[PDB]
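Chemist: Protein chains in written order, with the UniProt record's numbering: chain A, 31 to 286; chain B, 1 to 120; chain C, 55 to 108; chain D, 71 to 140; chain E, 161 to 443.
Encoded as structure tokens, here's the structure I'll be asking about.
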Amino acid sequence: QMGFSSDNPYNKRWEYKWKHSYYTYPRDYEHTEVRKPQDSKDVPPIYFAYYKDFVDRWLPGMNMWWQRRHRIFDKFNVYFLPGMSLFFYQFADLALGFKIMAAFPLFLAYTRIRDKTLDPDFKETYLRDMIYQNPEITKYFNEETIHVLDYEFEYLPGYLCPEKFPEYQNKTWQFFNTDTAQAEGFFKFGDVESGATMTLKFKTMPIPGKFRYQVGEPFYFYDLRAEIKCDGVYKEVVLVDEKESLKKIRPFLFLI
Amino acid sequence: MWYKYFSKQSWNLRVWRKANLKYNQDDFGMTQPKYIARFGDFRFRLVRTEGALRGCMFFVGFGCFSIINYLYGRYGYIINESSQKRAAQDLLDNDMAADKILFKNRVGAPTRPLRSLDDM
Amino acid sequence: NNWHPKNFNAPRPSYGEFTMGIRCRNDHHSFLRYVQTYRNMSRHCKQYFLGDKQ
Amino acid sequence: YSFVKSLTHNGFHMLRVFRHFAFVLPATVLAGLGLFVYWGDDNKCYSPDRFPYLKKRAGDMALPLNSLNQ
Amino acid sequence: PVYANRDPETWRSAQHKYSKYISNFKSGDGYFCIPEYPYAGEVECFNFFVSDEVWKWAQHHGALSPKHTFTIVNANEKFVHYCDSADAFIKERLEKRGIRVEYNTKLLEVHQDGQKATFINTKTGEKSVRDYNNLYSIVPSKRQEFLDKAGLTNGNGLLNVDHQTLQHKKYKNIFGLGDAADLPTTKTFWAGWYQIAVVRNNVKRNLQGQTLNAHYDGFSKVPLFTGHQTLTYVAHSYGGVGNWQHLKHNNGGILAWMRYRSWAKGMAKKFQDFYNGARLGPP
Ligand SMILES: CCCCCCCCCCCCCCCCCC(=O)OC[C@H](COP(=O)([O-])OCC(O)COP(=O)([O-])OC[C@@H](COC(=O)CCCCCCCCCCCCCCCCC)OC(=O)CCCCCCCCCCCCCCCCC)OC(=O)CCCCCCCCCCCCCCCCC
Ligand SMILES: CCCCCCCCCCCCCCCCCC(=O)OC[C@H](COP(=O)([O-])OCC(O)COP(=O)([O-])OC[C@@H](COC(=O)CCCCCCCCCCCCCCCCC)OC(=O)CCCCCCCCCCCCCCCCC)OC(=O)CCCCCCCCCCCCCCCCC
Ligand SMILES: CCCCCCCCCCCCCCCCCC(=O)OC[C@H](COP(=O)([O-])OCC(O)COP(=O)([O-])OC[C@@H](COC(=O)CCCCCCCCCCCCCCCCC)OC(=O)CCCCCCCCCCCCCCCCC)OC(=O)CCCCCCCCCCCCCCCCC
Ligand SMILES: CCCCCCCCCCCCCCCCCC(=O)OC[C@H](COP(=O)([O-])OCC[N+](C)(C)C)OC(=O)CCCCCCCCCCCCCCCCC
Ligand SMILES: CCCCCCCCCCCCCCCCCC(=O)OC[C@H](COP(=O)([O-])OCC[N+](C)(C)C)OC(=O)CCCCCCCCCCCCCCCCC
Ligand SMILES: NC(=O)c1ccc[n+]([C@@H]2O[C@H](COP(=O)([O-])OP(=O)(O)OC[C@H]3O[C@@H](n4cnc5c(N)ncnc54)[C@H](O)[C@@H]3O)[C@@H](O)[C@H]2O)c1
Ligand SMILES: Nc1ncnc2c1ncn2[C@@H]1O[C@H](COP(=O)(O)OP(=O)(O)OP(=O)(O)O)[C@@H](O)[C@H]1O
Ligand SMILES: [Mg+2]
């Protein structure tokens, strides 16, 4: 689910990505059809630009934090960081260094909340490069004739099954993380040239790569499946199988 | 067909949280030495990068330096009050020793400090 | 040449292995923004045409 | 362009090294509304407590600078 | 993820893959393979104690997956052949740490495609195929055939010389030292410090026809890294008896930490003088 969503009807999966050069916001939301001059309100009311920024930038940003509020309720953000800030706040009048040591855990908490509440964004150009290399998909789909019917991608709540992923039964990791940082979704595609449709289901997880501490890829498709439907032919293509992928690589277990 | 007009030459970086993931931190930076101990390993494990760690220690350092400057202001005589009383009487003992052996002219000025080695 | 005037701070390449972080505003969203801007400018202007087909 | 909107680096402005000058011209224009309301010395203070008021009441005549005290 | 004991000569100065054996062990099956004795670098290349301490840290904060396997595949029956005091200490410490060991098994083939490692139990002649994700193997040695065609080696393929004077049994004008010599001691470098003093002496005596008064007592000293920043010294005579340094400060501490820094930070700069001639052996 897209966390940043306004009353604008068009391009829901691009609303957070597109950076408009508008000085202020348009008078009306993008019209879905030709309207009458009396449908819209001439000379919008006073303080309209301030109202639009609150309902198109502020409010959907808070709805994003509220939608994914379960990813920030860890003992580190809830107890440790505010508890540390209160310890130094009692000596805020003694010196300046206590004010900084009492505000830093607050800024650190905001940064963890800011990054964890964003929409999960995978490298989509890697994905389309992967499906266009498969011969069974390029038989019915092409970049010049494909269109998106539905898109869904959201983090998975809580810790997963403690047999498929024993990594998350770590008390040190659970102190900082309440979720698994893995995401799951699908892609409803259609081809206007061949008339075929497919549901591209995928599961992602962060993996380590080539280095000791840095994550290699935060959204690695460890399961990638395509249920292609045609006129009278139903094909099932398996690009990445999880039984073969989970034996080679394991999740990353973000901290902080 | 936006991907048709996508330029793959932007794949030179993998930007995520304002950090390039294809950064050889095993050969450059504070994370290059592999002889780091348990504390330094767990510290780099939390931040995953040296650029983020150094940025936070920049502000925590100002707080720690300003705090220890206060504790040495309020406190300090617990450890340094003896070396001040020692130098207090020492500052008076050599002053009195100077008046005993020093040439004073008709006005109270030691105009011959280089008369002998003990005078200097 | 009115497309790339010569200045001192010229564009220079970046290397993955050697780059820690970067602050860049360029993306690949201009094509779809070009299509939507046309649909918006076309439709929002026809609101005040009163159905004049010509 | 707003100084506030450029702080998040998510709308139209990534690097703006002079963003702290964005509201100087608007604030200067809004201050121009009182250009004529506050014109001269008398409109910026209580003039009877200032020296020039005394010279006017004396027939536009020069007075010693300590006339407000005696 | 296949690592070895020495670097290939095709690597440039910017290749540091050797140092990623312990770092890049996020998960999978890990194997430390010891070839069939005689092999070069018996104790000086035993890094399963430093990796265990670092991999213990990785299991604490989740860097190393909880389902990982590490075992020591030893082709021989014992780790230190000519010093049973140190060999008993290693197996005693490996059990205390929790490391699993498989004896009489040697690495035979490495499949780079599917990361398959072919092991064979030389005791029963039974081979198996195992998936690996982090493979370390000490490079195996090979007896040179010309030393057998000339009738100088015996049995395993080492030089058959006197244990005292380092002179060959026959052909008294021929000597031998280092690793090629068959001496009941650990083939270390400090052992070679006391073998060159005997060779340069006895050779000097045969050039003048005099007798051989230089005897080699079988001394050999090699550090055994017991931790990430601590070590103990494996020093022993010909009869496997150790000196005052043998297996001392073996459980870590300040004494073990100081001796580690002297060998890690202050020993590589000494091999420049060894080759030039500025600094001689220990005595
Ligand atoms: C006259 C008119 C005007 C009046 C104005 C004044 C009135 C204002 C009223 C304000 C109060 C109402 C607002 C909040 C209502 C929320 C009620 C609610 O039900 O929410 C539950 C709701 C749970 O939703 P859910 O998913 O449906 O729940 C499902 C399950 O139950 C989930 O299960 P779970 O197991 O996952 O549990 C999740 C839950 C877990 O909840 C908990 O377990 C409670 C933990 C609270 C910890 C607070 C103390 C932290 C330190 C303790 C350390 C102790 C150990 C160390 C001791 C060392 C001592 C030095 O997480 C939380 O909700 C906690 C979120 C953060 C709270 C802590 C914020 C710390 C602020 C510190 C400063 C406090 C200043 C107070 C003012 C006093 C001075 C003026 O959570 C939220 O909605 C979160 C809302 C957003 C967070 C609000 C917190 C304040 C944020 C503002 C930032 C600035 C703070 C102040 C700084 C000022 C100085 C700089
Ligand atoms: C003294 C006056 C105090 C006045 C008040 C001050 C205020 C005190 C309150 C606040 C405390 C300070 C807060 C600092 C933290 C601030 C936050 C921060 O910056 O980040 C953490 C920050 C991290 O530091 P770092 O730079 O990242 O560490 C370096 C590497 O990154 C780390 O790399 P690594 O982790 O990979 O490996 C580390 C290490 C491996 O380290 C370890 O693994 C050891 C860990 C063992 C842990 C054991 C845990 C045991 C648990 C407790 C015991 C168990 C229970 C016992 C039960 C008993 C029952 C009763 O490996 C090494 O090879 C070490 C290098 C060689 C040693 C260098 C030592 C220099 C000492 C020079 C002074 C010598 C004086 C000797 C005198 C002795 C007698 C007094 O921690 C510190 O800053 C520590 C404070 C250092 C301050 C330096 C400025 C002062 C210079 C030293 C004093 C010189 C003498 C002055 C007096 C001379 C006349 C007497
Ligand atoms: C009860 C009644 C009913 C209540 C309910 C109904 C009411 C609900 C709300 C209704 C609407 C309210 C409007 C605001 C909310 C709108 C929400 C929104 O999204 O808007 C976004 C909206 C969208 O942007 P836009 O439409 O494109 O353009 C907006 C503007 O055209 C221009 O945009 P801009 O971004 O270009 O403007 C920038 C400007 C905006 O103007 C300001 O906000 C003035 C800021 C001046 C204060 C800066 C403080 C700095 C930090 C101080 C920290 C300590 C503070 C202690 C204070 C103690 C006080 C004695 O700020 C600056 O110029 C920043 C640079 C300042 C120069 C450098 C100063 C810092 C360096 C010097 C440091 C010196 C100390 C160093 C050492 C320190 C010791 C360590 O942007 C806005 O922010 C709108 C605000 C415009 C003013 C509205 C006023 C309406 C009239 C209401 C009465 C006045 C209320 C405000 C008074 C504030 C106190 C002065
Ligand atoms: C302790 C008591 C409360 C303390 C006072 C708290 C005051 C908080 C509000 C003032 C500070 C706001 C910062 C202004 C600068 C950033 C502007 C901004 O928010 O952009 C949104 C940004 C918008 O994202 P953006 O700026 O990156 O751009 C979006 C991207 N495009 C343009 C492409 C669409 O979103 C966020 O930053 C995340 C949400 C932040 C939430 C802001 C604070 C909300 C606090 C709610 C308090 C409710 C209770 C109080 C009121 C109750 C009723 C009386
Ligand atoms: C009594 C006074 C002290 C009050 C407490 C300290 C508050 C900080 C001091 C007040 C500053 C107000 C003036 C400046 C306003 C900000 C200006 C600015 O640049 O902001 C833009 C920023 C934009 O940040 P950004 O990350 O989105 O984008 C910036 C990216 N760069 C840096 C590259 C440009 O938005 C902010 O508001 C950041 C400041 C947030 C401070 C919030 C402190 C509290 C954190 C939440 C509470 C957490 C409690 C625990 C939660 C538990 C889990 C739910
Ligand atoms: N861990 C290892 O793999 C390893 C390898 C070599 C040396 N070392 C250490 O160094 C110590 C002494 O090393 P070393 O000198 O006994 O072995 P060495 O391999 O280092 O020396 C052999 C020298 O003879 C040469 N050589 C081999 N075959 C030759 C042939 N047919 N013809 C001419 N030259 C030939 C080699 O080029 C080499 O210069 C060892 O005790 C050990 O501690 C370790
Ligand atoms: N090669 C690059 N060089 C410079 N800046 C970059 C580069 N790649 C990304 N950036 C910046 O980092 C941001 C994030 O890049 P990112 O790949 O996540 O965007 P994206 O729209 O999600 O791509 P995709 O559609 O493939 O998922 C970008 O908006 C850009 O500003
Ligand atoms: Mg993306």
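Just so you know, even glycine gets a beta-carbon here, dropped at the ideal spot from N, CA and C.
#1: Excluding the 5 residues preceding and the 5 following A/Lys42 in the sequence, name in chain order all residues of the same chain whose CB lies nearer than 7 Å to its CB.
#2: Going by CA-CA distance only, name the one from D/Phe91, D/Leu138, D/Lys75, D/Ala132 that's closest to D/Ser117.
#3: Assuming the contact rule is C-beta atoms closer than 8 Å, A/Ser70 and A/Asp58 should be a hit. Round their C-beta distance to whole Å, please.
#4: Buried or exposed: where does E/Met418 fall if 16 or more other Cβ atoms within 10 Å of its Cβ makes it buried?
#5: Any heavy atom of ligand 8 closer than 7 Å to the Cβ of A/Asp149?
#6: Where does the unbroken alpha helix (DSSP H) through A/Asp86 begin, and where does it stop?
#7: Out of A/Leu190, A/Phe152, A/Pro90, A/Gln68, state which residue places its alpha-carbon closest to the alpha-carbon of residue 12 of chain A.
#8: Can you find the residues in the same chain that come closer than 6 Å, C-beta to C-beta, to B/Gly40, ignoring five residues on each side of it along the sequence?
#9: Closer than 8 Å, CB to CB, is A/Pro196 near chain E or not?
#10: Along chain A, in chain order, which residues have C-beta atoms closer than 7 Å to that of E/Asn314?
#11: If we cut at 8 Å on Cβ distances, does C/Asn63 have a partner in chain A?
#12: Can you give, in chain order, each stretch of the beta strand (DSSP E) that sits fully within the stretch 222 to 255 of chain A and has at least 3 residues?
#13: What does the alpha-carbon distance come out to for the pair A/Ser275 and E/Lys186?
#14: Applying the 10 Å Cβ sphere with the 16-neighbour rule, what's the burial state of E/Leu319?
#15: Let me check you understand the geometry: is the CB of A/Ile102 closer than 7 Å to at least one non-hydrogen atom of ligand 5?
#16: Measure from the C-beta of E/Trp217 to each C-beta in chain B and report whether the shortest distance is under 8 Å.
#17: Does E/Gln327 come out as helix, strand or coil in the three-state DSSP assignment?
#18: Could you spell out where the beta strand (DSSP E) holding E/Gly190 opens and where it closes?
#19: Please tell me whether E/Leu407 and E/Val203 are closer than 8 Å, where the distance is taken between their beta carbons.
#20: Just the Cα atoms here: how many angstroms apart are E/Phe239 and E/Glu252?
#21: Could I get the ranges of all uninterrupted beta strand (DSSP E) runs contained in the stretch 115 to 144 of chain A, with 3 residues as the minimum, in chain order?
#22: Quick one: which chain D residues come within Cβ less than 9 Å of A/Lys42?
#23: Is there contact here, the stretch 64 to 77 of chain B with the stretch 118 to 134 of chain A, by at least three beta-carbon pairs under 8 Å?
#24: Taking just the CA atoms, how far does E/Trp404 sit from B/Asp95?
#25: Sort E/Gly352, E/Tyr242, E/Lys364 by Cα distance to E/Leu440 and report the nearest one.
#26: May I have the straight-line CA-CA distance separating A/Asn172 from A/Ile237, to the nearest angstrom?
#27: Note down, in chain order, all residues in the stretch 79 to 90 of chain D with a beta-carbon under 9 Å from any beta-carbon belonging to chain C.
#28: Below 8 Å, can you find three or more Cβ-Cβ pairs linking the stretch 151 to 168 of chain A to the stretch 103 to 119 of chain A?
#29: Near ligand 7, which residues have their beta-carbon closer than 7 Å to a heavy atom?
#30: Indicate, with yes or no, if ligand 2 has a heavy atom lying under 7 Å from the CB of C/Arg93.
#31: Spell out whether any CB of chain C is found under 8 Å from the CB atom of A/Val222.
#32: Among all the DSSP beta bridges, which residues are the ones paired with B/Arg112?
#33: Determine, using beta carbons only, whether E/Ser301 and E/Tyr199 come nearer to each other than 8 Å.
#34: Would a C-beta distance cut-off of 8 Å place A/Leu285 and B/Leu46 closer than the cut-off?
#35: Taking a contact to mean a Cβ-Cβ separation below 8 Å, would you say B/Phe44 touches B/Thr31 in this structure?
#36: Kindly examine ligand 6 and report whether one of its heavy atoms sits closer than 7 Å to the Cβ of E/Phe349.
Modeler: Considering the structure as presented:
#1: The answer, listed in chain order, is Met32, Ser35.
#2: For D/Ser117, the closest C-alpha among the options D/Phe91, D/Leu138, D/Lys75, D/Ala132 is that of D/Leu138.
#3: 5 Å
#4: So E/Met418 counts as exposed.
#5: no
#6: That residue, A/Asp86, is in no alpha helix (DSSP H); it is neither H nor E in DSSP.
#7: With chain A represented from 31 up to 286, any question about residue 12 of chain A goes unanswered, as that position is not in the structure.
#8: Residues of the same chain with a CB within less than 6 Å of the CB of B/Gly40, apart from the 5 flanking positions on each side, do not exist.
#9: yes
#10: Residues of chain A passing the Cβ test: none, with the nearest at roughly 48 Å.
#11: no
#12: 227 to 238
#13: Cα to Cα, A/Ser275 sits roughly 15 Å from E/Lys186.
#14: buried
#15: yes
#16: yes
#17: E/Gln327: strand per DSSP, three-state reduction.
#18: 188 to 194
#19: Against a cut-off of 8 Å, the Cβ pair of E/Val203 and E/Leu407 comes out as no contact.
#20: Straight-line Cα distance between these residues: approximately 12 Å.
#21: none
#22: Within chain D, no residue comes near A/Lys42; the closest Cβ sits about 17 Å away, beyond 9 Å.
#23: yes
#24: 59 Å
#25: E/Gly352
#26: Distance between the alpha carbons of A/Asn172 and A/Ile237 is about 30 Å.
#27: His79, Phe82, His83, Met84, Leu85
#28: no
#29: A/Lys47, A/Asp151, A/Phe152, A/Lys153, A/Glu154, A/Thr155, A/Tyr156, B/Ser10, B/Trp11, B/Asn12, B/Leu13, B/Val15, B/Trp16, C/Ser68, C/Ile76, C/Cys78, C/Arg79, C/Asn80, C/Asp81, C/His82
#30: no
#31: No, no contact with chain C.
#32: B/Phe103
#33: Result yes, Cβ atoms of E/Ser301 and E/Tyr199 sit closer than 8 Å.
#34: In contact: A/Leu285 and B/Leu46 (Cβ atoms closer than 8 Å).
#35: The answer is yes: Cβ separation under 8 Å.
#36: yes
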